[PDB]
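This report concerns only the one structure given below.
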Amino acid sequence: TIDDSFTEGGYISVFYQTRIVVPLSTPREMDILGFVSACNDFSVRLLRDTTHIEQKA
Amino acid sequence: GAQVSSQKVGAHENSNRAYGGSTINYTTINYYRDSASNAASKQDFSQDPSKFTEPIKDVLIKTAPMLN
Amino acid sequence: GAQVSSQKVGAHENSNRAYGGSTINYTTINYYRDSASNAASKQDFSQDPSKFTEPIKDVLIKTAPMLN
Amino acid sequence: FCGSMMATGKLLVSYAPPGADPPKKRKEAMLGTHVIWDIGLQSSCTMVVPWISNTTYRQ
Amino acid sequence: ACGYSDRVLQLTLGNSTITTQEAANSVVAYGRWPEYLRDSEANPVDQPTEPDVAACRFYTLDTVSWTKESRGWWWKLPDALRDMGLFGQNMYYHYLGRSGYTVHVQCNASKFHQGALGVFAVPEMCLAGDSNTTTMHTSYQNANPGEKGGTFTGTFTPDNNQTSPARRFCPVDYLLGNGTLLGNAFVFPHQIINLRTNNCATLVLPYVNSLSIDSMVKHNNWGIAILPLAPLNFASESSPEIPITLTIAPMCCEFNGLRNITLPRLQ
Amino acid sequence: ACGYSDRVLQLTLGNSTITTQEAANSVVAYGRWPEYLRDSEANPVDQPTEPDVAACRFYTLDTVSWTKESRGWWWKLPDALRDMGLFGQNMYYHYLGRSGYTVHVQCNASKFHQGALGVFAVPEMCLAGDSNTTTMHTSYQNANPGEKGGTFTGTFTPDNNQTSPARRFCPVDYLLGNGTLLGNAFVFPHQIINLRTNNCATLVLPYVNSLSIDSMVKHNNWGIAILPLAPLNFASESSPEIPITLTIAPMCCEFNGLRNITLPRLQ
Amino acid sequence: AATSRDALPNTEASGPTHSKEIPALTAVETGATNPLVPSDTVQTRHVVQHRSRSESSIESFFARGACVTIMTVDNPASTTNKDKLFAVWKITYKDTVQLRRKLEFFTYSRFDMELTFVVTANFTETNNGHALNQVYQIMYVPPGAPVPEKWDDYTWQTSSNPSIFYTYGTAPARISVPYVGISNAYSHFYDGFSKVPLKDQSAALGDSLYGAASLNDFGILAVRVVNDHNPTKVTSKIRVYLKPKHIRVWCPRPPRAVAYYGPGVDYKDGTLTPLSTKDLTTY
Amino acid sequence: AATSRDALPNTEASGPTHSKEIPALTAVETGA
Amino acid sequence: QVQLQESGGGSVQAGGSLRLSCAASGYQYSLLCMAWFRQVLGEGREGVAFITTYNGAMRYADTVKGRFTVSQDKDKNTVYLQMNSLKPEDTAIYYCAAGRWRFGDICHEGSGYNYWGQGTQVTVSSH
Ligand SMILES: CCCCCCCCCCCCCCCC(=O)O
């Protein structure tokens, strides 16, 4: 679950297959939103503490 | 009044006329009178994430167009 | 939910109406829920070194000339 | 093979279907259909060249 | 019941999937779905390699630019897909090789554009030359443009350098490039991408040739030609442009007779 | 009855066949014949490519020269076979890939030569370095010598350039290269080519690793090391020399996860 | 069925012989170890054999716990300029000879480990100063959790780090850990690299260490003296005993013959000489 | 019945496809 | 926190040879990626050479490469920097940073370095 080469994951990428076309009098720049999640076969193991929080003192 | 259950075996020794094979069981006996004192069985159930993932009134059939 | 097995007896006391003779048994009861916690039974199997000693495709018959 | 009984070896006989540079180095012949002979008590080696062709008979 | 549209289609082969919402259904050329070489019509004797997934996957050729001056475009198979991963590789490592194809020509505009593109799948698409002095002279390099493909033209221009001739094609559009009237082209399996209706075309072509299996590097089986039936106009715009992309895919492909690697002089 | 000799053997995979008259039978390492990945132990989810014949065929690595000063030779797999036609190709086009091997080490002399070569198949053959200052430092290039392979040496010579270290192996022969006594090497599947008896060795190795399938480019499964047990002498000849050739062959090989081509900095 | 505690095959009685059967002869060339029994070459009487391999079965070969490390902790006075030293040891058997050589006989293995911690302490300064019984904490930080920074930061709040609190002067501490490999077997040897140096990239980012794999990365142990600063400095050491249990192995390799040098299989100069002098003609 | 210590659903073998069924498409808008 | 106790500058002239020592205080073992630097007087704060604790592999800066050699005292937790051929331009406040590590990845500049050294300055006087 950490930055490791041996057990690296891969790359996800998005490319315009065509291009985004818009008619006249339409915003020329629109945006997308991305969502991630697990499928039914996802599972984890060996609990550890998290790096996403810290109480200084 | 014991609680003989089974253990899901991971690494199997080279044995089976004791260990390895013949389903390994463990015994537990509650020692106190208060429920609050027993050790967690860990033998818990699971459910389907549908109450979270598919909260749509009209049952979702994946194969079809989601907005019909 | 015990595990009553036998012990291979070595030095036999002068007894047999308790020790010595009548096959000596021992009892074991797993105390934890995780397999990883049990004590090794030591009641392991054995195999034939053939997977190492005789790795020859065409079965070796000792009596005969090894290269025919 | 017709040399002495005492002489020995292994010769590679190869068949490359057409359509690439005709093999000139062992390496390339190697990649195609070939049989590695071995000289011995059996004096002859046979290589079959299977019928691998586009048409159903050749000119 | 569940609103299944003949506009919403999903093609999946190997590790790729092309969905689509504005489809005009799909054509299975000649009514024969591709398939592996049968034993009744088998020919070469050695075991055939069946690359499957390692080959049966959508590869995307390079995109083109559709404008008012676009006369047309053309691509040969398996040619175009000669640099496509394993299918590209398995192609050079064999003498024989039969393969089907699923061509999915994508190209979308907006309710405010107009025009029509006819995607044709001509079996054995022999194109015409450029010189009026020497017949069938066109060189191999020119004949196989690869993934970039070549283009049709509005007028026949003779090759006049007889010292060092261009030896290429000069296909005239209305003549479907090979001296035949375009208006008849509609006899080969095809679909029309009419901007108002759909945004893709889907033709599934089963291997068609005179042999059971043949050389790929040598003889091109299919020919995908795309010509603008109705020219492209947009808004009150002088320079409209929308891109067209072909994503082809080999199917049920099998090769026979492994050898050493063929390196064709492509230039 | 029909005089079938355990000396006359014929190996055939794909489009190749290696016969032989002076064989010492054959060893099926560990007693497991290679096989395709089972569903019980399957791991990666996508359909696996099974190149079969396009890969399951005897490739011949480059020949070496056996003399009195030969200390030994070593080759890694699938490494060595990284330039071998399709198996070479299918290797770069995937993340995962399990493969078996059939190693047929040929080498013949004549009734007038003498000596013994031990062909060993060490699973996970980690070799030692050359510098005595920096551990496990050896570079990728050096670690994967490819079809040419590397060689053992009679004495350990430390890498003394700490400015620009050689970062290669310096395997000492009697120590089987990895600091262990050669005389024990006989624990790994092996055969001895004793010039008086046979002229080839045949080991069939089934994929052995910690995983169900793994990266080829990264982790080398097997290791073929050939050392001269008994030195080579001939006639009353001061300079005798006979060549040794390894012809390896992938078996029941399968790869998963097609992607883009990997180009490793080999130099 | 043939268990470890079974009697070895009883040796048969065999008499004079003059046949065409050749037991005695072989051709190690095949690679097959000639399988003869005493009775094959010399005449034997009948013998009911009682010895059994029961004490040499894979299980029994590893059945002894073994030192793997020596972790140093201490609790110096609050007045001191030096900072309260807490030890952090990466979990790897390779830190000491003994267990490593025993483990090297095998290419791969699967074994649920059991760790034991013997903690001994002592004073340092020659002061008749006292110290109250100390309490130690051994916290298992699995790969990737925040490694402790100060002997007293949050990290020790062990929200999820399985820990142990050992009071000094009591029976050594012990915890069981199941097979935790990311594989199907732990790799005692890894031929290869983690990163493939790519043709379109910098050698630097393309470079890794030979034989260094995640397969054998298992996090670190953090040890600290829970009691706060005490006027008289007291150092202590924590020895960790590992005893592989429920073990199984794969593929035999020859045992390590020359002194180990570092985490790799590598060896140093001078040490490359194992056998001694002896004469070919002297028994 | 499905306890915590149950094996996750075995992934099925599936081949080529060219249908009107659209798995791939959604509209997170629904909230599903 | 890891402490990097550095030592020990000076302004010797051209062609010179001095050295810097930097401790692990700290827990030098597999973590720290002991690196060298020197702040080119306000220009200026480049990475010299960097060693890997676990193996002892060095890499240098295209500038220092060759003259400067990074040395390692494994057992007594010190990493040295034999500053050779000290030329006038070897005037800059020297550094010693040390980060953590990737299990098997070599200690490079793009990698580290979490912690900081004292910054003991070594100057090379001119002629
Ligand atoms: C609180 C202490 C918990 C201890 C858990 C230790 C982490 C697992 C260590 C496993 C060591 C196995 C050694 C084999 C490694 C290999 O050779 O691949």
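Quick note on naming: the chains in the structure tokens go A, B, ... in the order shown, residues restart at 1 in each chain, and ligands are numbered from 1 in order of appearance.
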
### Task
Find the residues near ligand 1. Use a cut-off of 9 Å, count only C-alpha atoms and all ligand atoms, and write them as JSON, numbers by chain.
{"G": [91, 92, 93, 94, 103, 104, 107, 108, 109, 110, 111, 112, 113, 114, 115, 138, 139, 140, 141, 142, 161, 162, 163, 164, 174, 175, 176, 177, 178, 179, 180, 181, 185, 186, 187, 188, 189, 190, 213, 214, 215, 216, 217, 218, 219, 220, 221, 222, 242, 244]}

Residue F:242 surroundings by only C-alpha atoms, 8 Å radius, close-in-sequence under 2 positions cut, as a PDB file with N, CA, C and O atoms, in the first residue's frame:
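Wrote around_32.pdb, looks like this:
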```pdb
ATOM      1  N   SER F  65      33.243 -21.890 -26.811  1.00  0.00           N
ATOM      2  CA  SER F  65      34.455 -22.654 -27.048  1.00  0.00           C
ATOM      3  C   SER F  65      35.123 -23.314 -25.847  1.00  0.00           C
ATOM      4  O   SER F  65      35.683 -22.609 -25.001  1.00  0.00           O
ATOM      5  N   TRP F  66      35.052 -24.630 -25.809  1.00  0.00           N
ATOM      6  CA  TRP F  66      35.654 -25.366 -24.714  1.00  0.00           C
ATOM      7  C   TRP F  66      37.130 -25.741 -24.790  1.00  0.00           C
ATOM      8  O   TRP F  66      37.509 -26.557 -25.607  1.00  0.00           O
ATOM      9  N   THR F  67      37.910 -25.114 -23.933  1.00  0.00           N
ATOM     10  CA  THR F  67      39.337 -25.356 -23.885  1.00  0.00           C
ATOM     11  C   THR F  67      39.820 -25.676 -22.473  1.00  0.00           C
ATOM     12  O   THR F  67      38.992 -25.845 -21.572  1.00  0.00           O
ATOM     13  N   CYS F 107      27.128 -31.285 -27.301  1.00  0.00           N
ATOM     14  CA  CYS F 107      28.567 -31.142 -27.296  1.00  0.00           C
ATOM     15  C   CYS F 107      29.197 -32.501 -27.468  1.00  0.00           C
ATOM     16  O   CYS F 107      29.116 -33.307 -26.527  1.00  0.00           O
ATOM     17  N   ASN F 108      29.797 -32.732 -28.619  1.00  0.00           N
ATOM     18  CA  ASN F 108      30.428 -34.025 -28.857  1.00  0.00           C
ATOM     19  C   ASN F 108      31.913 -33.946 -29.185  1.00  0.00           C
ATOM     20  O   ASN F 108      32.369 -32.944 -29.725  1.00  0.00           O
ATOM     21  N   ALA F 109      32.621 -35.007 -28.847  1.00  0.00           N
ATOM     22  CA  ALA F 109      34.036 -35.078 -29.096  1.00  0.00           C
ATOM     23  C   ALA F 109      34.215 -36.310 -29.975  1.00  0.00           C
ATOM     24  O   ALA F 109      33.605 -36.396 -31.043  1.00  0.00           O
ATOM     25  N   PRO F 240      43.593 -28.588 -27.564  1.00  0.00           N
ATOM     26  CA  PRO F 240      42.348 -29.221 -28.025  1.00  0.00           C
ATOM     27  C   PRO F 240      41.157 -28.303 -27.806  1.00  0.00           C
ATOM     28  O   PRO F 240      41.185 -27.505 -26.851  1.00  0.00           O
ATOM     29  N   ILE F 244      30.516 -26.275 -27.544  1.00  0.00           N
ATOM     30  CA  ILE F 244      29.335 -26.645 -26.795  1.00  0.00           C
ATOM     31  C   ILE F 244      28.212 -25.691 -27.192  1.00  0.00           C
ATOM     32  O   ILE F 244      28.427 -24.469 -27.241  1.00  0.00           O
TER      33      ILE F 244
END
```

### Message
When you look at stretch 2-16 of chain C with a cut-off of 10 Å (counting only C-alpha atoms), what residues show up, excluding the ones that are within fewer than 3 positions of it in the same chain? I need them as an MDAnalysis selection string.
### Response
(chainID B and resid 4 17:19 24:27) or (chainID C and resid 19:30 41 43) or (chainID G and resid 5)

Just write the chosen residues, N, CA and C atoms, as a PDB file, in the first residue's frame.
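And here's out.pdb as it stands now:
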```
ATOM      1  N   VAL B   4     -17.012 -25.019  21.062  1.00  0.00           N
ATOM      2  CA  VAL B   4     -16.079 -25.636  20.164  1.00  0.00           C
ATOM      3  C   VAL B   4     -16.450 -25.180  18.756  1.00  0.00           C
ATOM      4  N   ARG B  17      -3.041 -35.991  10.532  1.00  0.00           N
ATOM      5  CA  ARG B  17      -3.611 -37.016  11.395  1.00  0.00           C
ATOM      6  C   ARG B  17      -3.504 -36.345  12.797  1.00  0.00           C
ATOM      7  N   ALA B  18      -3.692 -35.040  12.759  1.00  0.00           N
ATOM      8  CA  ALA B  18      -3.641 -34.221  13.926  1.00  0.00           C
ATOM      9  C   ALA B  18      -3.895 -32.770  13.476  1.00  0.00           C
ATOM     10  N   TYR B  19      -2.889 -32.222  12.820  1.00  0.00           N
ATOM     11  CA  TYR B  19      -2.966 -30.867  12.332  1.00  0.00           C
ATOM     12  C   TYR B  19      -3.450 -30.839  10.872  1.00  0.00           C
ATOM     13  N   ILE B  24      -9.274 -28.134  11.994  1.00  0.00           N
ATOM     14  CA  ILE B  24      -8.853 -27.676  13.310  1.00  0.00           C
ATOM     15  C   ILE B  24      -9.881 -26.847  14.109  1.00  0.00           C
ATOM     16  N   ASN B  25     -10.193 -27.364  15.282  1.00  0.00           N
ATOM     17  CA  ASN B  25     -11.143 -26.722  16.154  1.00  0.00           C
ATOM     18  C   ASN B  25     -10.561 -26.106  17.409  1.00  0.00           C
ATOM     19  N   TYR B  26     -11.267 -25.143  17.970  1.00  0.00           N
ATOM     20  CA  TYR B  26     -10.779 -24.505  19.189  1.00  0.00           C
ATOM     21  C   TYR B  26     -11.929 -24.466  20.181  1.00  0.00           C
ATOM     22  N   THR B  27     -11.592 -24.510  21.455  1.00  0.00           N
ATOM     23  CA  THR B  27     -12.598 -24.482  22.494  1.00  0.00           C
ATOM     24  C   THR B  27     -12.574 -23.167  23.270  1.00  0.00           C
TER      25      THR B  27
ATOM     26  N   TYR C  19       1.462 -46.570  33.009  1.00  0.00           N
ATOM     27  CA  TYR C  19       2.486 -46.126  32.096  1.00  0.00           C
ATOM     28  C   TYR C  19       2.901 -47.262  31.146  1.00  0.00           C
ATOM     29  N   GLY C  20       4.196 -47.331  30.908  1.00  0.00           N
ATOM     30  CA  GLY C  20       4.748 -48.340  30.041  1.00  0.00           C
ATOM     31  C   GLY C  20       3.943 -48.922  28.880  1.00  0.00           C
ATOM     32  N   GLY C  21       3.193 -49.963  29.186  1.00  0.00           N
ATOM     33  CA  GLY C  21       2.382 -50.622  28.187  1.00  0.00           C
ATOM     34  C   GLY C  21       1.233 -49.927  27.462  1.00  0.00           C
ATOM     35  N   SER C  22       0.078 -49.932  28.098  1.00  0.00           N
ATOM     36  CA  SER C  22      -1.094 -49.310  27.524  1.00  0.00           C
ATOM     37  C   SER C  22      -0.896 -47.953  26.856  1.00  0.00           C
ATOM     38  N   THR C  23      -0.655 -47.993  25.560  1.00  0.00           N
ATOM     39  CA  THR C  23      -0.446 -46.774  24.796  1.00  0.00           C
ATOM     40  C   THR C  23      -0.693 -45.380  25.420  1.00  0.00           C
ATOM     41  N   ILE C  24       0.411 -44.709  25.689  1.00  0.00           N
ATOM     42  CA  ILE C  24       0.326 -43.390  26.296  1.00  0.00           C
ATOM     43  C   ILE C  24      -0.184 -42.248  25.390  1.00  0.00           C
ATOM     44  N   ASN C  25      -1.259 -41.638  25.848  1.00  0.00           N
ATOM     45  CA  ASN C  25      -1.871 -40.553  25.123  1.00  0.00           C
ATOM     46  C   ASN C  25      -1.728 -39.186  25.756  1.00  0.00           C
ATOM     47  N   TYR C  26      -1.841 -38.151  24.945  1.00  0.00           N
ATOM     48  CA  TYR C  26      -1.726 -36.798  25.480  1.00  0.00           C
ATOM     49  C   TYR C  26      -2.893 -35.988  24.940  1.00  0.00           C
ATOM     50  N   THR C  27      -3.320 -35.009  25.713  1.00  0.00           N
ATOM     51  CA  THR C  27      -4.427 -34.169  25.309  1.00  0.00           C
ATOM     52  C   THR C  27      -3.969 -32.751  24.978  1.00  0.00           C
ATOM     53  N   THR C  28      -4.575 -32.193  23.948  1.00  0.00           N
ATOM     54  CA  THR C  28      -4.248 -30.851  23.523  1.00  0.00           C
ATOM     55  C   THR C  28      -5.566 -30.144  23.212  1.00  0.00           C
ATOM     56  N   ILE C  29      -5.605 -28.859  23.502  1.00  0.00           N
ATOM     57  CA  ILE C  29      -6.786 -28.072  23.252  1.00  0.00           C
ATOM     58  C   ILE C  29      -6.251 -26.761  22.728  1.00  0.00           C
ATOM     59  N   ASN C  30      -6.673 -26.387  21.535  1.00  0.00           N
ATOM     60  CA  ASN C  30      -6.215 -25.142  20.945  1.00  0.00           C
ATOM     61  C   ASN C  30      -6.853 -24.017  21.703  1.00  0.00           C
ATOM     62  N   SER C  41       2.089 -29.784  15.655  1.00  0.00           N
ATOM     63  CA  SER C  41       1.819 -31.165  15.997  1.00  0.00           C
ATOM     64  C   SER C  41       2.987 -32.129  15.876  1.00  0.00           C
ATOM     65  N   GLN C  43       3.355 -34.238  13.936  1.00  0.00           N
ATOM     66  CA  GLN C  43       2.842 -35.478  13.408  1.00  0.00           C
ATOM     67  C   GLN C  43       2.793 -35.437  11.848  1.00  0.00           C
TER      68      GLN C  43
ATOM     69  N   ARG G   5       7.399 -40.324  12.048  1.00  0.00           N
ATOM     70  CA  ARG G   5       7.751 -41.306  13.078  1.00  0.00           C
ATOM     71  C   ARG G   5       7.474 -42.780  12.729  1.00  0.00           C
TER      72      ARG G   5
END
```

Pull out every residue of chain A that has at least one atom within 12 Å of chain I, counting only C-alpha atoms, and report them as a compact mmCIF listing (two decimals) with N, CA and C atoms, in the first residue's frame.
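Dumped to result01.txt:
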```
# COMPACT_ATOMS: atom_id res chain seq x y z
N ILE A 2 2.12 1.12 -0.21
CA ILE A 2 3.03 2.24 -0.24
C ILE A 2 3.73 2.36 -1.60
N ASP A 3 4.54 3.39 -1.72
CA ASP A 3 5.26 3.61 -2.96
C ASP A 3 6.35 2.53 -3.06
N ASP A 4 6.07 1.56 -3.90
CA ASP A 4 7.00 0.47 -4.11
C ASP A 4 7.07 0.09 -5.60
N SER A 5 8.29 -0.11 -6.05
CA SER A 5 8.52 -0.48 -7.42
C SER A 5 8.12 -1.91 -7.68
N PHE A 6 8.72 -2.83 -6.95
CA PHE A 6 8.37 -4.24 -7.16
C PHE A 6 6.86 -4.45 -7.36
N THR A 7 6.10 -3.93 -6.42
CA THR A 7 4.66 -4.05 -6.48
C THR A 7 4.01 -2.75 -6.93
```

Near chain E, 8 Å: chain F residue rows, closest pairs, only C-alpha atoms, as JSON lines:
```
{"residue": "F:14", "atom": "CA", "partner": "E:47", "partner_atom": "CA", "distance": 7.8}
{"residue": "F:15", "atom": "CA", "partner": "E:258", "partner_atom": "CA", "distance": 7.7}
{"residue": "F:46", "atom": "CA", "partner": "E:15", "partner_atom": "CA", "distance": 7.8}
{"residue": "F:47", "atom": "CA", "partner": "E:53", "partner_atom": "CA", "distance": 7.2}
{"residue": "F:48", "atom": "CA", "partner": "E:53", "partner_atom": "CA", "distance": 7.7}
{"residue": "F:49", "atom": "CA", "partner": "E:54", "partner_atom": "CA", "distance": 6.0}
{"residue": "F:50", "atom": "CA", "partner": "E:51", "partner_atom": "CA", "distance": 7.3}
{"residue": "F:51", "atom": "CA", "partner": "E:51", "partner_atom": "CA", "distance": 6.1}
{"residue": "F:52", "atom": "CA", "partner": "E:49", "partner_atom": "CA", "distance": 6.9}
{"residue": "F:53", "atom": "CA", "partner": "E:49", "partner_atom": "CA", "distance": 6.4}
{"residue": "F:54", "atom": "CA", "partner": "E:49", "partner_atom": "CA", "distance": 6.0}
{"residue": "F:85", "atom": "CA", "partner": "E:260", "partner_atom": "CA", "distance": 7.1}
{"residue": "F:86", "atom": "CA", "partner": "E:93", "partner_atom": "CA", "distance": 7.4}
{"residue": "F:89", "atom": "CA", "partner": "E:89", "partner_atom": "CA", "distance": 7.5}
{"residue": "F:90", "atom": "CA", "partner": "E:86", "partner_atom": "CA", "distance": 7.4}
{"residue": "F:93", "atom": "CA", "partner": "E:86", "partner_atom": "CA", "distance": 7.4}
{"residue": "F:258", "atom": "CA", "partner": "E:54", "partner_atom": "CA", "distance": 6.8}
{"residue": "F:260", "atom": "CA", "partner": "E:85", "partner_atom": "CA", "distance": 7.1}
{"residue": "F:261", "atom": "CA", "partner": "E:85", "partner_atom": "CA", "distance": 7.3}
```

#### Entry: residue E:2 surroundings by only C-alpha atoms, 12 Å radius, close-in-sequence under 6 positions cut, as a list in words
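Answer for this query is residues 59, 60, 61, 62, 63, 64, 65, 66, 67 and 68 of chain B; 20, 21 and 22 of chain H.
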
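When the distance limit is 9 Å and only C-alpha atoms are what count, the residues near stretch 19-34 of chain A, minus those fewer than 6 positions from it on the same chain, are residues 108, 109, 110, 111, 112, 113, 234, 235, 242 and 243 of chain E.
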
Expected file: the selected residues, N, CA and C atoms, as a compact mmCIF listing (two decimals), in the first residue's frame:
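result_7.txt, written as the output of this step:
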```txt
# COMPACT_ATOMS: atom_id res chain seq x y z
N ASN E 108 -17.64 12.48 -34.74
CA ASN E 108 -18.83 13.21 -34.32
C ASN E 108 -18.74 14.72 -34.50
N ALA E 109 -19.89 15.34 -34.70
CA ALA E 109 -19.96 16.76 -34.88
C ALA E 109 -20.87 17.25 -33.76
N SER E 110 -21.93 17.94 -34.15
CA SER E 110 -22.89 18.45 -33.21
C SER E 110 -24.12 18.72 -34.06
N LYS E 111 -25.25 18.87 -33.40
CA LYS E 111 -26.49 19.14 -34.10
C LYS E 111 -26.43 20.33 -35.10
N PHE E 112 -25.33 21.04 -35.01
CA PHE E 112 -25.10 22.19 -35.86
C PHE E 112 -24.13 22.06 -37.04
N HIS E 113 -23.76 20.82 -37.32
CA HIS E 113 -22.87 20.52 -38.41
C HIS E 113 -23.70 19.68 -39.37
N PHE E 234 -20.52 24.07 -41.63
CA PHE E 234 -20.86 24.40 -40.27
C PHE E 234 -21.17 25.86 -39.97
N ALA E 235 -22.27 26.06 -39.28
CA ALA E 235 -22.70 27.39 -38.91
C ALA E 235 -22.73 28.30 -40.17
N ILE E 242 -13.77 18.78 -38.30
CA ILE E 242 -14.04 17.78 -37.28
C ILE E 242 -13.19 16.59 -37.64
N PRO E 243 -12.62 15.94 -36.65
CA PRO E 243 -11.78 14.78 -36.93
C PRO E 243 -12.44 13.40 -37.05
```

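If you look at atom CA of residue E:224 and atom CA of residue H:15, they are 26.7 Å away from each other.
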